[PDB]
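These notes concern the structure reproduced below.
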Amino acid sequence: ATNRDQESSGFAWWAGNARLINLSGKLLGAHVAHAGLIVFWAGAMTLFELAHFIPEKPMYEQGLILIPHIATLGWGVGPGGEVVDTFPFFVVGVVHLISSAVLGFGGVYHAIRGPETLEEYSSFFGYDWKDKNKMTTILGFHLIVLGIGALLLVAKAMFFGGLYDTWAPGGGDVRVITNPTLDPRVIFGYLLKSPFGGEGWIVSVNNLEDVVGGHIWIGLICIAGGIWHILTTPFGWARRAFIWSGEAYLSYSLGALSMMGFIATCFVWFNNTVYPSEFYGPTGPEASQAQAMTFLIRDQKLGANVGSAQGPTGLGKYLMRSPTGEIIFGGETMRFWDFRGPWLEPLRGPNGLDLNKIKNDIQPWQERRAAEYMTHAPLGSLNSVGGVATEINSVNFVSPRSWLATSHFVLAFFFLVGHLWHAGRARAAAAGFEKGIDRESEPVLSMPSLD
Amino acid sequence: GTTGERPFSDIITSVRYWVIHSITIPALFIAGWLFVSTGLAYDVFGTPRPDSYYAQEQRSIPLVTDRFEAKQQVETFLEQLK
Amino acid sequence: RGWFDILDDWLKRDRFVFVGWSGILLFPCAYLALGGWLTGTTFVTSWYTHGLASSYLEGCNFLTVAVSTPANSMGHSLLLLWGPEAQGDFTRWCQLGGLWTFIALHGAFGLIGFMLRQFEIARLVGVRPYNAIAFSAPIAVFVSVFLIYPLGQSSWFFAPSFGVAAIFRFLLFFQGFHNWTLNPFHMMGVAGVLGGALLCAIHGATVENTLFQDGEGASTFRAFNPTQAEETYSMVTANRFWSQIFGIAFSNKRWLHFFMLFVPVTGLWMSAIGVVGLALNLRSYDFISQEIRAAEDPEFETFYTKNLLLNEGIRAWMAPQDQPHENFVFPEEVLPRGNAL
Amino acid sequence: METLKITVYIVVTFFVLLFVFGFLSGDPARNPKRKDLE
Amino acid sequence: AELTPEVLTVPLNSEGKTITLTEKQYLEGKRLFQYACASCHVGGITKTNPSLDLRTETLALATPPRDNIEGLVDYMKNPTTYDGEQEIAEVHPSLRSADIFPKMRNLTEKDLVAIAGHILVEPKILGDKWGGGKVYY
Amino acid sequence: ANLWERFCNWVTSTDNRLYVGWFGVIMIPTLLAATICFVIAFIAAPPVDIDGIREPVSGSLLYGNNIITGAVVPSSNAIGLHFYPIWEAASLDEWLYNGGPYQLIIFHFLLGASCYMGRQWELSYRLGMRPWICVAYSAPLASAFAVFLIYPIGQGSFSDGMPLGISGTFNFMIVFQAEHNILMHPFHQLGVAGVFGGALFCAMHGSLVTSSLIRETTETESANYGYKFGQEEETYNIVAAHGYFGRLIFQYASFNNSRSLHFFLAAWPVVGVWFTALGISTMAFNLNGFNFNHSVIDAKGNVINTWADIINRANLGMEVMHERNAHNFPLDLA
Ligand code: CLA
Ligand code: CLA
Ligand code: CLA
Ligand code: CLA
Ligand code: CLA
Ligand SMILES: CCCCCCCCCCCCCCCC(=O)OC[C@H](COP(=O)(O)OC[C@@H](O)CO)OC(=O)CCCCCCCCCCCCCCC
Ligand SMILES: CC1=C(/C=C/C(C)=C/C=C/C(C)=C/C=C/C=C(C)/C=C/C=C(C)/C=C/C2=C(C)CCCC2(C)C)C(C)(C)CCC1
Ligand SMILES: CC1=C(/C=C/C(C)=C/C=C/C(C)=C/C=C/C=C(C)/C=C/C=C(C)/C=C/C2=C(C)CCCC2(C)C)C(C)(C)CCC1
Ligand SMILES: CC1=C(/C=C/C(C)=C/C=C/C(C)=C/C=C/C=C(C)/C=C/C=C(C)/C=C/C2=C(C)CCCC2(C)C)C(C)(C)CCC1
Ligand SMILES: CCCCCCCCCCCCO[C@@H]1O[C@H](CO)[C@@H](O[C@H]2O[C@H](CO)[C@@H](O)[C@H](O)[C@H]2O)[C@H](O)[C@H]1O
Ligand SMILES: CCCCCCCCCCCCCCCCCC(=O)O
Ligand code: OEX
Ligand SMILES: [Cl-]
Ligand SMILES: [Cl-]
Ligand SMILES: [Fe+2]
């Protein structure tokens with residue numbers, strides 16, 4: 001029981017995992033076991049979703065979050081997102097589960113039975129947190145692996161089946177991407193776009209060509225950067241800029257992951273390209289716009305001249321102008337005039353929504369889709385009662401977009417707290433005062449008074 | 001310092017404690033269960049059963065409206081249930 | 001020794017749970033209040049007093065169960081089990097809401113007993129009585145809310161019912177009918193509560209981050225000994241930090257801790273005064289100048305007038321079911337409503 | 001309005017650059033106990 | 001009160017003949033109604049067209065009359081506008097549009113009868129609440 | 001030393017009456033801008049068309065408000081989440097009509113408050129303290145982010161951010177209850193536990209220390225003069241305080257360790273407020289409080305009301321009355 005008590009390690013049980021900071025073998029075992037946990041959940045949860053899946057009903061009516069991910073990749077679904085074959089879902093679940101068993105075996109071995117420290121057994125796998133060269137070597141290895149993952153996505157899109165394209169001409173379909181966007185102007189203009197309304201930063205990516213080109217660039221850049229960090233060691237300015245310790249590296253990663261969690265929240269809330277509404281349900285903006293469209297259709301069928309219908313406030317009841325003049329839906333949904341979706345874009349012309357097209361060319365499938373989205377807006381209670389808070393019990397529905405956004409905002413925030421905690425502690429421990437103030441050399445006592 | 005009572009950990013890790021309580025705890029739990037499943041709770045506390053909130057064709061609540069006749073009003077409501 | 005002195009000895013024995021003379025009042029009353037709440041929430045209905053289901057036995061959950069107030073027709077009756085209403089019939093007593101007055105009265109006397117316990121223990125161990133003094137705020141809140149307010153209103157019916165959701169309904173009723181948020185006494189109460197939470201957090205964190213290193217462990221809790229004479233954290237360093245961060249800082253620990261007593265206690269007392277006012281419908285409901293201006297000028301609008309519209313909605317839509325004794329029938333056409341909703 | 005926009009861009013860039021280069025200017029060594037943190 | 005056979009007895013055709021639904025029938029109807037219809041018709045209102053509701057009187061005044069089991073089954077097979085002038089299977093769920101409304105694909109004749117029975121019974125239980133909207137919540 | 005070296009030494013100096021630091025270099029200008037704009041707007045700004053329906057709401061003192069009713073009004077629903085700096089307006093008149101001051105103020109404030117947290121860390125580092133006071137500050141800061149940025153992002157408009165005023169805050173709260181039933185949401189319940197318990201424990205700790213002060217003064221002098229700033233010995237008897245509180249409840253319910261005690265004081269309210277901030281930030285994506293409307297039904301099928309149904313009636317009143325001219329269609333979907 002080496003270092004497995006507070007007396008010998010300096011750490012209490014509630015901080016026990018800090019006892020592993022300098023025990024590389026047991027720490028590797030811990031990480032492999034936790035990765036086994038991740039893979040195991042993927043497999044078990046996917047199998048649970050499949051066992052509870054009713055193929056006829058939309059995915060988003062059934063509390064599914066993983067099956068939509070598989071379907072978006074083009075597996076198991078056909079035109080309009082209809083499910084034609086669930087065996088790909090089942091295969092994903094089974095394979096992840098078996099792999100989880102293997103990972104668990106490896107992690108338990110490295111954590112319980114294998115060498116406690118790897119430095120003696122091997123210098124290739126052993127490391128010292130303060131060895132910047134070795135640290136950057138491991139970082140580069142994992143960068144190469146990640147780049148390979150991005151290129152795997154590219155391969156799925158281009159050579160093995162393609163991706164589900166909600167924008168495909170005909171009403172959404174699996175499509176093979178053959179002309180990925182390699183234009184750096186486009187790819188990095190995305191990064192330079194403002195995050196505010198009508199711009200949306202990277203969350204605004206609205207076509208699979210741009211998606212695939214972006215991931216091509218990510219894979220190549222990651223491979224090059226990993227080779228770079230294998231072959232180099234940090235320069236002097238970096239050496240003087242950073243804290244070089246295990247806890248510091250953990251803190252940096254906590255900050256990065258928090259940022260990624262917030263970004264994912266926005267992605268799933270706003271983007272209906274890589275999160276097709278056929279699978280994840282309408283976005284909030286989409287559902288609001290859909291209500292506007294639905295009642296425009298109903299009243300116009302009754303005989304209203306929607307272009308000229310004046311609302312109570314003087315603004316158009318059904319149609320008005322955005323602050324830059326585009327014709328848009330009226331009512332509160334004026335805030336959502338940046339929304340774009342395949343069921344709505346056929347009605348849009350150069351100046352915005354086109355009155356002639358609204359009057360003459362709205363199709364039954366558009367009417368049906370608008371009704372569906374209006375009635376599956378992402379609003380619901382914690383016990384999964386669909387609709388506004390004042391609605392009565394009857395509909396058992398909370399949108400996958402709501403579940404995913406809320407969960408990952410919670411995770412991103414707590415990981416920001418983690419970044420702050422571990423970064424502050426890393427600084428204090430590197431400087432040597434993380435256990436408190438030295439009584440005989442209290443820094444403040446040697447400073448001049450403020451007044 | 002301690003006040004002389006036997007330690008709780010000592011008591012709850014002892015064979016005699018569990019000899020006694022493996023009988024007593026289940027008995028009390030079953031007593032409560034039966035208190036409900038036999039319907040005695042309804043009678044004791046005057047709580048309506050699912051079929052006793054309304055008369056068959058009634059939709060008005062049996063609200064007590066007189067302070068000193070409230071007991072008789074409740075009894076009249078109960079009779080009207082029949 | 002005399003029997004009084006022998007009894008004093010036994011009551012003040014040092015045992016796991018101290019009893020004391022105050023115990024003779026505290027323990028039966030506190031037990032009866034708590035047990036009454038659990039009993040009512042588990043088995044008792046609110047059908048004959050409110051037209052509501054309020055117990056686990058009827059199908060409510062922890063958030064919706066309650067021991068509900070008696071019917072409005074009961075007035076302010078004590079509703080004693082042997083009283084003229086229940087006439088010694090336990091089942092009828094429960095159906096008439098005697099459990100609410102039972103809980104409220106045994107709980108009030110239990111609070112008296114607990115404060116007496118604070119005094120008695122302080123006297124026995126030789127400390128000053130400031131914990132008992134600070135407890136006056138919870139007692140003032142309880143008295144003002146659960147006894148004085150209903151005593152000023154038509155009956156116990158409008159006191160808070162002992163339950164989670166029932167308390168929430170109490171909040172919303174106060175907003176809708178009293179415009180309680182606009183009341184400067186509630187505002188001072190809010191300041192006291194939130195400032196107390198702020199002081200609690202900031203002081204805890206400051207101590208924990210100005211600790212002296214008094215041991216080698218990375219977990220710093222073992223480096224304190226209760227009998228030690230030295231301060232465990234650096235007041236000088238904490239004062240320097242807060243002076244440079246926020247401009248001002250504490251420099252006197254005694255003042256710091258008295259201030260921690262003073263803030264939340266004073267806030268709760270102020271809120272109690274406000275509720276005494278509301279017992280008489282003596283509200284901070286309106287600003288007369290704004291009302292005159294708005295009446296004369298249909299383009300004048302502020303968040304104050306918006307909130308008044310919200311209150312009118314609350315009253316109209318909740319009164320018929322929340323006040324069943326009034327027999328309100330509001331035809332649909334009279335309900336206030338905005339466009340389309 | 002264009003002059004205002006350019007002025008604000010210049011000011012913000014000034015302060016942000018101060019932030020970045022200041023934290024690059026050997027910040028870890030600016031503590032009372034141990035300087036050589038690499 | 002109880003869910004009695006008298007409550008469960010509802011009109012069967014346009015000639016006044018009545019049928020007595022079983023309690024299992026009524027519960028199955030409620031479940032199927034939640035499954036296939038409540039997204040728009042929760043509580044008897046119509047979210048995407050509030051002017052039309054599922055109240056028995058409204059069904060009675062519909063053309064053809066829909067205040068009986070057979071009328072409601074026919075509506076679910078071949079829905080029409082209120083005056084019966086237009087067939088709206090293209091925009092309303094039905095067996096003949098089950099290809100575009102998949103939740104209708106597996107419904108059987110007994111299932112449709114159960115849904116219709118639920119629609120007719122629920123107002124007998126809830127009164128104005130059925131089709132009344134938020135005013136009566 | 002070179003000019004840059006001297007400037008860095010001044011910026012990071014621990015001898016300045018108010019610490020500046022690198023976080024302060026961002027904090028000072030942004031907080032000054034936010035403060036100046038807020039004060040000017042609160043006093044003098046003209047009415048703002050918050051809901052985008054050409055119905056301006058008056059927020060400023062000079063336009064008929066008092067301290068309780070005044071506010072800086074959120075930007076127009078016509079703007080949504082669009083960035084609306086002064087230079088995006090055709091004129092200051094347009095900017096004011098559309099509520100640009102709100103955006104300027106809240107953005108500069110959020111940035112400055114983030115830098116305030118960082119500055120707490122930085123000065124702790126300069127003074128050789130432990131670093132986690134900033135972690136305590138992250139709770140209220142997270143709450144500010146939730147009500148000024150996250151909720152607007154989720155709902156699609158800064159017009160739904162909390163107004164910068166007292167009555168505006170109340171309006172925000174009431175509408176929030178109408179649309180999300182926050183009272184029935186466990187995270188707000190944890191927030192209430194956090195703040196009620198924070199106040200409770202504040203009073204408890206203050207009262208216990210005050211009750212255990214050691215005699216160093218006479219009855220004609222404030223007991224506070226019994227403590228001298230920077231004295232080595234403790235000023236109260238924690239052993240006596242523990243004897244009292246342990247006998248008040250029972251021995252093992254009372255802290256005998258001051259460090260554990262102060263950690264608990266920090267942790268309770270901070271965690272509670274973290275959770276309430278998450279409650280707002282998750283209801284931003286329309287995951288609302290528990291809905292038990294009509295959960296209890298009798299044998300026939302009659303609805304048996306509960307206190308939750310009464311709450312629902314109140315919520316309906318709020319919902320139907322709020323923003324009375326802004327809705328054209330039956331559902332309020334954001
Ligand atoms: C990659 C993520 C990561 C990693 C690897 C670490 C690793 C570490 N942290 Mg850091 N931490 C993180 C994220 C991370 N942390 C985040 C996000 C936060 C913010 C909350 C913190 C906050 C934090 C603090 C405050 C401290 C550490 C400490 C530590 C060390 C000991 C941890 C331990 O033994 O826990 C033991 C684990 C437990 C005691 C169990 C905790 C269970 C949590 C609180 C509840 C989880 C609920 C669950 C999700 C859902 C439950 C469902 C139920 C409600 C039904 C270790 C070096 C300690 C340290 O400084 O050591 C040097 C320390 O004091 N961490
Ligand atoms: C993902 C979560 C996770 C992981 C991977 C680890 C991993 C580890 N912890 Mg940590 N820990 C955690 C959570 C976690 N911990 C939490 C939540 C707490 C707070 C309660 C702690 C508190 C804590 C302390 C206080 C200590 C550790 C220690 C350790 C290490 C040695 C454990 C040991 O000696 O086991 C001994 C235990 C056993 C022999 C019992 C059996 C354990 C096995 C692994 C169960 C596996 C079951 C599994 C189903 C088998 C599948 C096999 C199949 C695939 C074939 C190990 C690397 C110790 C350490 O660092 O030592 C240097 C240490 O002292 N941990
Ligand atoms: C990142 C995870 C990781 C890392 C860094 C290590 C590292 C190490 N392990 Mg451990 N191990 C792991 C996972 C890991 N292992 C898992 C998951 C298992 C369970 C099967 C084991 C089971 C295991 C045993 C039983 C033993 C080791 C031993 C060793 C040491 C020698 C390994 C060697 O020479 O490789 C030789 C290289 C190979 C055999 C080729 C590996 C390439 C694989 C098969 C495919 C390509 C890799 C690819 C990226 C995998 C993708 C998986 C993805 C889905 C996650 C070394 C310290 C030995 C030791 O400690 O000696 C004292 C030892 O006896 N490991
Ligand atoms: C997991 C990813 C990862 C990580 C952790 C690192 C880590 C590191 N790299 Mg490597 N790098 C990577 C991937 C990564 N790299 C890849 C993929 C490439 C290929 C393009 C490189 C290419 C590369 C080079 C060429 C160099 C490094 C260097 C370094 C070191 C200094 C980093 C630094 O100062 O950053 C902090 C960054 C800065 C100080 C400059 C930019 C700071 C701006 C102002 C921040 C902008 C934030 C933005 C405005 C806010 C929103 C973000 C939004 C745009 C997403 C450090 C060890 C340096 C070194 O010493 O290596 C020998 C070096 O010269 N890296
Ligand atoms: C210290 C303990 C204590 C206290 C302060 C109270 C206080 C109260 N109880 Mg609770 N009660 C207690 C213990 C206590 N109870 C216990 C242990 C039980 C369980 C047995 C109960 C069971 C209980 C029930 C069931 C009810 C109460 C009720 C009440 C209220 C009315 C009491 C009343 O009118 O008494 C009046 C009695 C006295 C003031 C005693 C006077 C004693 C003098 C000396 C008598 C002198 C004359 C007399 C004829 C002596 C004759 C001597 C000779 C001729 C033989 C009051 C709030 C009622 C309530 O809550 O209503 C809503 C109610 O219904 N109590
Ligand atoms: C030393 C503690 C310092 C840490 C601070 C604690 C944080 C706060 C914890 C509070 C809850 C305590 C959890 C126990 C913390 C703990 O350490 O537990 C251990 C403690 C003592 O356990 P043992 O008897 O095993 O003690 C071993 C001893 O030999 C020495 O430890 O157990 C109890 O006190 C639990 C008994 C429940 C007693 C229920 C009695 C009910 C009586 C009802 C009347 C009440 C009085 C009413 C007054 C009006
Ligand atoms: C170290 C440590 C730890 C951790 C641990 C872990 C984390 C582990 C993991 C583990 C794992 C991670 C495991 C795994 C497992 C797995 C398995 C064992 C699997 C199996 C599978 C199967 C058997 C399948 C089957 C099937 C199929 C194939 C098809 C479908 C159906 C079914 C499902 C039946 C703790 C915390 C305790 C603490 C101490 C130390
Ligand atoms: C995939 C994809 C794409 C693309 C993407 C990309 C291309 C990306 C990139 C990205 C990137 C490229 C990023 C970057 C980032 C960076 C960062 C995030 C940084 C940070 C930094 C830091 C953190 C710093 C710090 C500091 C300072 C500032 C001062 C001094 C000290 C220190 C150093 C600490 C797209 C959209 C097209 C589409 C979809 C898909
Ligand atoms: C009123 C009255 C009375 C009294 C009564 C009593 C005294 C009662 C009591 C009762 C009681 C005394 C009851 C109790 C009950 C209890 C319960 C019912 C409990 C529950 C619990 C729970 C459910 C919990 C849970 C949990 C969680 C969740 C987590 C953590 C852990 C725990 C376990 C805590 C007399 C006779 C004078 C007559 C007149 C009237
Ligand atoms: C917008 C992009 C901005 C960030 C771009 C990335 C820049 C990365 C490379 C820049 C390197 C800066 O290099 C860094 O310069 C500073 C300031 O002179 C040096 O700082 C050093 O000299 C200065 C004097 O000027 C002293 O005040 C300081 O205490 C000392 O550390 C650092 O030792 C060096 O590491
Ligand atoms: C101060 C101490 C107060 C203690 C009061 C204990 C109360 C115990 C009451 C139990 C008996 C109730 C009498 C029931 C019969 C009364 C019927 C009637 O004549 O009205
Ligand atoms: O702006 Mn403010 O408050 Ca949110 O929900 Mn819709 O939008 Mn309006 O209505 Mn309700
Ligand atoms: Cl409003
Ligand atoms: Cl609208
Ligand atoms: Fe203290």
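Hydrogens, waters and symmetry mates are skipped; everything else that's a heavy atom, side chains included, is used. Note that ligands are numbered from 1 as they come in the structure, with each ligand's atoms numbered from 1 the same way. Below, read A as the first sequence line, B as the second, and so on, with proteins coming before strands; counting in each chain starts at 1.
- Using bins of under 30°, 30° to 60° and over 60° for the plane-to-plane angle, the ring pair C:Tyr304/C:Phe287 lands in the tilted bin.
- Under the rule for a ring-ring contact (aromatic ring centres under 6.0 Å, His included), the partners of F:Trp132 that lie at least two apart in sequence or sit in another chain are A:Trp421.
- Annotation: cation-pi pair C:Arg293/C:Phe300 present, NZ/CZ under 6.0 Å from the ring centroid and within 45° of its normal.
- Under the salt bridge (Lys or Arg N to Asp or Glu O under 4.0 Å) criterion, F:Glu319 pairs with E:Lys134, sequence neighbours left out.
- With sequence neighbours excluded, the residues forming a ring-ring contact (aromatic ring centres under 6.0 Å, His included) with F:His205 are C:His203, C:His257, F:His262, listed by chain and number.
- The two residues F:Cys202 and C:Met260 make their nearest non-hydrogen contact at SG-O, 3.2 Å.
- Atoms of the protein (N, O or S only) found under 2.8 Å from the Fe ion (ligand 15) are C:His203 NE2, C:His257 NE2, F:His205 NE2, F:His262 NE2.
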